[PDB]
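*Asks:* To start, I am sharing the structure in question, which I have written as structure tokens.
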Amino acid sequence: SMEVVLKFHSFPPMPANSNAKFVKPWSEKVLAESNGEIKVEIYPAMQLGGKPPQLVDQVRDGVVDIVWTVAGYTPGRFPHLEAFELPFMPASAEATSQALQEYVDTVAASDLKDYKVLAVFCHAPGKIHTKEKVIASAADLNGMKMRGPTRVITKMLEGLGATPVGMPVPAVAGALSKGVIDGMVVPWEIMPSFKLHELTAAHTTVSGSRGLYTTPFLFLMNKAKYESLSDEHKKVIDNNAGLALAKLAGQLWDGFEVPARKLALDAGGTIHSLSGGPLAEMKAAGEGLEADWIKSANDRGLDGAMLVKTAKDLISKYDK
Numbered sequence: 023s024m025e026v027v028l029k030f031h032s033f034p035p036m037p038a039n040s041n042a043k044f045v046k047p048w049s050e051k052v053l054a055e056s057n058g059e060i061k062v063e064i065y066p067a068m069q070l071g072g073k074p075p076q077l078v079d080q081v082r083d084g085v086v087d088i089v090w091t092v093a094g095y096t097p098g099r100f101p102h103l104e105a106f107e108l109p110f111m112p113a114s115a116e117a118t119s120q121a122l123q124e125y126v127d128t129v130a131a132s133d134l135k136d137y138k139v140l141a142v143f144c145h146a147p148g149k150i151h152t153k154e155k156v157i158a159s160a161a162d163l164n165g166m167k168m169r170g171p172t173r174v175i176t177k178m179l180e181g182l183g184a185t186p187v188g189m190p191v192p193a194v195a196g197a198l199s200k201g202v203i204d205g206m207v208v209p210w211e212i213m214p215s216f217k218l219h220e221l222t223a224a225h226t227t228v229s230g231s232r233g234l235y236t237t238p239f240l241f242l243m244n245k246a247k248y249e250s251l252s253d254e255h256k257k258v259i260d261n262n263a264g265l266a267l268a269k270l271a272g273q274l275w276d277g278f279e280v281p282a283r284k285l286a287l288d289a290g291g292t293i294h295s296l297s298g299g300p301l302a303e304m305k306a307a308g309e310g311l312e313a314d315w316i317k318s319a320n321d322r323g324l325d326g327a328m329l330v331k332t333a334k335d336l337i338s339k340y341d342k
């Protein structure tokens, strides 16, 4: 078919895993499999204009052709996906990403009907990071200004006793430097791209079969652009989309934690693992946060209880 240039836009800098170790090799596969005809240009760090929450508008409206972003950077826009952000929901990124994609293919499809879905997936369960205070129980969060990535995660931080603050991840280092936050939740993998492991010395994770939280990522193409592709080009995109891509992305995100955690240790960090009483206290707060979310979903016309159960059951299905 005729040559096609696709403009990819996203917010992390080029060395970040989502660019260098996900979209870049994805684009290389698409180029080779299309006989050199589908050419994806990668614009990291918002190099085509706008702020991170605008990525979904840009891709929806055809300003750009493909984006990678965090769904909750636009609060309430993808309400079904919030169920996957609830406390102690996630297993590995591989299992939870497959669950997310099947969820979007089925009961959550209306959230993404205005887009071509390449994949919906997530990071390995996030960890708790602070400048210097070890977080050994929820009480250690008292008086701590803690960043989360979305409204659901800031509500969790509120429920655990922290003073909650929201912002996209590129803002976190400056906020730490200015003293306006004391710490944040993120997976390990995103930290080195912004030197966040040099700005936080204390790190806490959770033991057991479910991690603290995750947040859904969206890898989306403009719907009209996809539909305008030749059938041979659609075949290439679809070979590089769907459940198999979500699984692959989840696998990759589980792996990305390992070198980033090592960098955090090499920078002098501590790693503390919650179990027993301290963990059970957080899980009890989580149950109340699930109930709060179900009410909010019901108020927005969704069967909140059904969606929470579906998310848990899909994660269990793939956590093997």
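342 is the number that PDB author numbering gives the last residue of the sequence shown; the numbers go up by one with no jumps. Positions of the beta carbon are idealized from the N, C-alpha and C atoms, including for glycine.
1. With a cut-off of 8 Å on the beta carbons, I'd call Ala-184 and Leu-218 a contact; round off their distance for me.
2. For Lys-284 and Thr-222, what's the separation of their Cα atoms in angstroms?
3. Residues in the same chain with beta-carbon distance under 7 Å from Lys-305, minus the five sequence neighbours each way, listed in chain order, please.
4. State the DSSP-derived secondary structure class of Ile-337, mapped to helix, strand or coil.
5. Can you give me the start and stop residues for the beta strand (DSSP E) that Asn-244 sits inside?
6. If we ignore side chains and look at the alpha-carbon of each, how far apart do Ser-252 and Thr-91 end up?
7. Leaving out five residues before and five after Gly-272 in sequence, what residues of the same chain have Cβ atoms less than 6 Å from its Cβ?
8. Any chance you could list the alpha helix (DSSP H) runs of at least 4 consecutive residues sitting entirely within the segment 31–86, in chain order?
9. Among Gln-80, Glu-50, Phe-30 and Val-78, whose alpha-carbon lies nearest the alpha-carbon of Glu-63?
10. Any chance you could list the alpha helix (DSSP H) runs of at least 4 consecutive residues sitting entirely within the segment 109–164, in chain order?
11. Using the Cα positions of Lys-317 and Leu-267, report the straight-line distance between them to the nearest angstrom.
12. Please confirm if the segment 199–206 is in contact with the segment 163–173, defined as three or more CB-CB distances below 8 Å between the two stretches.
13. In whole angstroms, what separates the C-alpha of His-151 from that of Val-187?
*Replies:* Judging by the given coordinates:
1. The Cβ separation is near 17 Å, so there is no contact.
2. Going by the C-alpha atoms only, they are around 14 Å apart.
3. Shown here for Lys-305: same chain residues with a beta carbon closer than 7 Å to its own, the five before and five after excluded, namely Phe-110 in chain order.
4. In this structure, DSSP gives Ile-337 a helical state, which the three-state scheme calls helix.
5. Here the beta strand (DSSP E) through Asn-244 covers 238–244.
6. Approximately 26 Å between the Cα atoms of the pair.
7. These residues qualify, in order along the chain: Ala-115, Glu-116, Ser-119 and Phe-143.
8. Fully enclosed alpha helix (DSSP H) runs of 4 or longer: 46–55 and 77–83.
9. Ranking the options by Cα distance to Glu-63, first place goes to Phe-30.
10. 115–127, all fully within the segment 109–164.
11. A direct Cα-to-Cα measurement between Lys-317 and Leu-267 gives close to 33 Å.
12. Counting C-beta pairs with one atom in each stretch, the segment 199–206 and the segment 163–173 have three or more that are closer than 8 Å, which means they touch.
13. Each residue's alpha carbon lies about 14 Å from the other.
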